[PDB]
Amino acid sequence: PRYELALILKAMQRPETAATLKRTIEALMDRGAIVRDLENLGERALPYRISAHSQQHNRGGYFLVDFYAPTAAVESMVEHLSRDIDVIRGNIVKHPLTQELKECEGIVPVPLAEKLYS
Amino acid sequence: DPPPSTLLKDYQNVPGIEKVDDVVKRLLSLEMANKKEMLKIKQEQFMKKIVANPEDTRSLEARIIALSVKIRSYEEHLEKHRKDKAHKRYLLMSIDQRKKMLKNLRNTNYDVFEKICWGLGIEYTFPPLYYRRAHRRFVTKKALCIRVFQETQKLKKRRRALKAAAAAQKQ
Amino acid sequence: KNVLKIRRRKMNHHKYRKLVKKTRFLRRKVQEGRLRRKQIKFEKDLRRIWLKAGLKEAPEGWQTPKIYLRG
RNA sequence: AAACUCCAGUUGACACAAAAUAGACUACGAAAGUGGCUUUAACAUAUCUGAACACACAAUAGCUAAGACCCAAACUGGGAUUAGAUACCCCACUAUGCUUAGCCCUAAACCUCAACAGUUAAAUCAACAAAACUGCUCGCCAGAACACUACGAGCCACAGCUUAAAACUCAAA
Ligand SMILES: NC(=O)c1ccc[n+]([C@@H]2O[C@H](COP(=O)([O-])OP(=O)(O)OC[C@H]3O[C@@H](n4cnc5c(N)ncnc54)[C@H](O)[C@@H]3O)[C@@H](O)[C@H]2O)c1
Ligand SMILES: [K+]
Ligand SMILES: [K+]
Ligand SMILES: [K+]
Ligand SMILES: [Mg+2]
Ligand SMILES: [Mg+2]
Ligand SMILES: [Mg+2]
Ligand SMILES: [Mg+2]
Ligand SMILES: [Mg+2]
Ligand SMILES: [Mg+2]
Ligand SMILES: [Mg+2]
Ligand SMILES: [Mg+2]
Ligand SMILES: [Mg+2]
Ligand SMILES: [Mg+2]
Ligand SMILES: [Mg+2]
Ligand SMILES: [Mg+2]
Ligand SMILES: [Mg+2]
Ligand SMILES: [Mg+2]
Ligand SMILES: [Mg+2]
Ligand SMILES: [Mg+2]
Ligand SMILES: [Mg+2]
Ligand SMILES: [Mg+2]
């Protein structure tokens, strides 16, 4: 299915950041993934301090990887990200653009009698 | 299971699907889909192999095939999740619902009942006549009563030869 | 509502648990003896079967198991 | 008071424990239950009804074995109150609550409302609860107490569970 990898990388110089992204995208391809896009969300201060691989981090590079992969690739990829020392935090979610939003007419009231009795 | 390269049931009959890039074929195959998509291909395979009209999904045959695919999925689930009582319940309920369908198909269309059993690999079994605990006292006694019968039968045959032998001597 | 029916059952169960506690060693000796007789009564039922069928001894290789022991 | 004083405060490092707010929501699941995040699998049945015992489940407590252990905590020890002992209060700590693999099979397991289908016109209807009913099916009931008992039987249960009487007694319950 289509997945979205939310990737927070250690704050590094441009050469090491490109090497980490290439090494991360190749890991996806080695597991059968078809990588669709790579987005840079920018380097920013983390919302809180994160300890990863015997180091403390206060800033990180936020990246997204939109890709398709077999369902069995997720478990294997999650294991790969846990061992990469340049990855602060990596999470794989089902791509939000796959879920189609259902139309909403509006807010129908709920009767007070139902509130109490229910 | 169908090969992973198999296309999804929705994209198998679109014109020109055989000339698209290999990447596009992977994205429309079972490899890139959830297991529920592989089960739709299995159901369609059984429907064309067994039923006379593969597009009649409301016939008793199609329901047995659809439910048989679900039963196999639960068995595969429980092979990996052996303490999942919720899915163990769904399996046992699904097996019972299929038996009720097979009973009604056997009673109405035996020729189709036979093709369903051959096609799906189902060995129809008639239910036991009585439901009662076979406890230790009964299990032991029933075993003894069968041994006693077996021994009595042997003795009754050794009382046929001796009588036969003595009768011949008189002559 | 009132709980008077519950209270009667509460006291009955309390006194029963209290009686069982006081006599749990006598009750254990009684239960053991009953199980012995139960095993003997079972053994007789099986012996009756082969004897009424014309056999003089138990079927060859048959040993009546102990189906009432904790083991 | 005892206890602690490798105590307390700040800062940093740091979980096999538990999951603020959302939730004024009333969803999911057969029920039991389920409210941190992600992913995978996944929520029976195109007529209904259908079991103390068949089949599969079943909070809390508890058993067996091996682990974890922050905090909580039967029990136990100490301090205190007390005429004094136990409890209520304080401190410490254990079984246990957790994980794993087996059991045990209970609850005020209760919306105290059996499942399905139908009706809102008749009389609206003992009372209260929760407006009053019809069809159909299964389960169950027939004064109180004896009695969640005795005996028998079955059960991995052994101070256990399930099923479940009678005698004596009363004119009530
Ligand atoms: N006992 C059977 O094996 C059996 C077989 C066919 C039909 N039934 C039907 O089951 C109902 C219950 O009969 P009962 O009152 O004599 O039994 P019961 O309820 O007194 O139970 C006695 C025995 O019958 C079994 N039993 C109970 N309910 C059953 C059911 N619905 N179906 C099958 N077995 C059941 C129990 O497990 C036990 O072994 C009746 O409608 C009967 O016609 C029972
Ligand atoms: K929370
Ligand atoms: K809340
Ligand atoms: K209640
Ligand atoms: Mg009493
Ligand atoms: Mg002091
Ligand atoms: Mg039914
Ligand atoms: Mg019955
Ligand atoms: Mg039932
Ligand atoms: Mg019960
Ligand atoms: Mg339980
Ligand atoms: Mg436990
Ligand atoms: Mg503590
Ligand atoms: Mg402990
Ligand atoms: Mg936990
Ligand atoms: Mg409850
Ligand atoms: Mg019912
Ligand atoms: Mg009135
Ligand atoms: Mg009575
Ligand atoms: Mg009880
Ligand atoms: Mg009892
Ligand atoms: Mg008994």
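By convention in this document, chain letters (A, B, ...) are assigned in the order of the sequence lines, proteins followed by strands, and residues within each chain are numbered from 1. Values reported hereafter were calculated over all heavy atoms of this structure, with side chains retained and with hydrogens, waters and symmetry mates removed.
At D:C6 the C1'-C2'-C3'-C4' dihedral is negative, so the sugar adopts a south, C2'-endo-type conformation.
Contact between the side-chain N/O atoms of B:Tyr90 and the OP1/OP2 oxygens of D:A30 is found at a separation under 4.0 Å. Proximity of C:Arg8 to the phosphate of D:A147: no side-chain N or O atom is located under 4.0 Å from OP1 or OP2. An OP1 or OP2 oxygen of D:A13 is reached within less than 4.0 angstrom by a side-chain nitrogen or oxygen of A:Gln56. Between C:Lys5 and the phosphate of D:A173, there is no side-chain N or O to OP1/OP2 separation shorter than 4.0 Å. OP1 or OP2 of D:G154 has at least one side-chain nitrogen or oxygen of B:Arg137 nearer than 4.0 Å. Contact annotation: A:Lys115 does not reach the phosphate of D:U26 (side-chain N/O to OP1 or OP2, under 4.0 Å). OP1 or OP2 of D:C57 lies within a sub-4.0 Å distance of a side-chain N or O belonging to B:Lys88.
The residue B:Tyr74 sits close only to the backbone: its heavy atoms come under 4.0 Å of sugar-phosphate atoms, none of a base. If you check every strand for non-hydrogen atoms under 4.0 Å, C:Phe42 touches nothing.
Base stacking between D:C148 and D:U149 is absent, since the six-membered rings fail either the under 5.5 Å centre distance or the under 30° plane angle. Legend: unstacked base step between D:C111 and D:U112; six-membered ring centres and planes not within 5.5 Å and 30° respectively.
When distances run from any side-chain atom of C:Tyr16 to the nucleotides D:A42, D:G29, D:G160, the shortest one goes to D:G160. Side chain of B:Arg136, nearest nucleotide from D:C43, D:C148, D:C155: D:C155. With distances taken from any side-chain atom of B:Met101 to the nucleotides D:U45, D:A51, D:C148, the minimum falls on D:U45. Of the listed nucleotides (D:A54, D:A153, D:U26), D:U26 has the atom at the smallest distance from the side chain of A:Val110. Closest approach to the C:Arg34 side chain among D:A153, D:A159, D:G152 is made by D:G152 (side chain taken as heavy atoms from C-beta onward). In this structure, the nucleotide among D:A58, D:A147, D:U47 sitting nearest to the side chain of C:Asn12 is D:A147. Distances were taken from every side-chain heavy atom of B:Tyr131 (C-beta onward) to each of D:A51, D:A44, D:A42; the shortest belongs to D:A51. Of the listed nucleotides (D:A41, D:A46, D:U112), D:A46 has the atom at the smallest distance from the side chain of B:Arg63. Of the candidate nucleotides D:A157, D:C148, D:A58, D:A58 has the atom lying nearest to any side-chain atom of B:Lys85.
Note: the hydrophobic cluster containing B:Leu27 does not contain A:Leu38 (ILVMFWY, side chain heavy atoms under 4.5 Å, direct or indirect links). Tracing side-chain contacts under 4.5 Å through hydrophobic residues (I, L, V, M, F, W, Y), one reaches A:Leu81 starting from A:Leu21; they form part of the same cluster.
For the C1' atoms, the distance from D:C170 to D:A83 is 47 Å, rounded to whole Å. For D:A58 and D:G79, the P atoms lie 47 Å apart once the distance is rounded to whole Å.
With the cut-off at 3.5 Å for both distances, D:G77 forms no Watson-Crick or G-U wobble pair with D:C104.
In this structure, C:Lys15 atom NZ and D:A150 atom P are separated by 14 Å, rounded to whole Å.
The base of D:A46 sits within donor-acceptor range of the side chain of B:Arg58, with an N or O pair under 3.5 Å.
Side-chain contact annotation: A:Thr98 with A:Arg2, donor-acceptor N/O pair under 3.5 Å absent.
B:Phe46 CZ to B:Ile64 CD1: the interatomic distance, rounded to the nearest 0.5 Å, is 13.0 Å.
Between C:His14 and C:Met11, the closest side-chain pair of non-hydrogen atoms falls below 4.5 Å.
You cannot call B:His87 stacked on the base of D:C43; the centres under 5.5 Å and planes under 30° rule is not satisfied.
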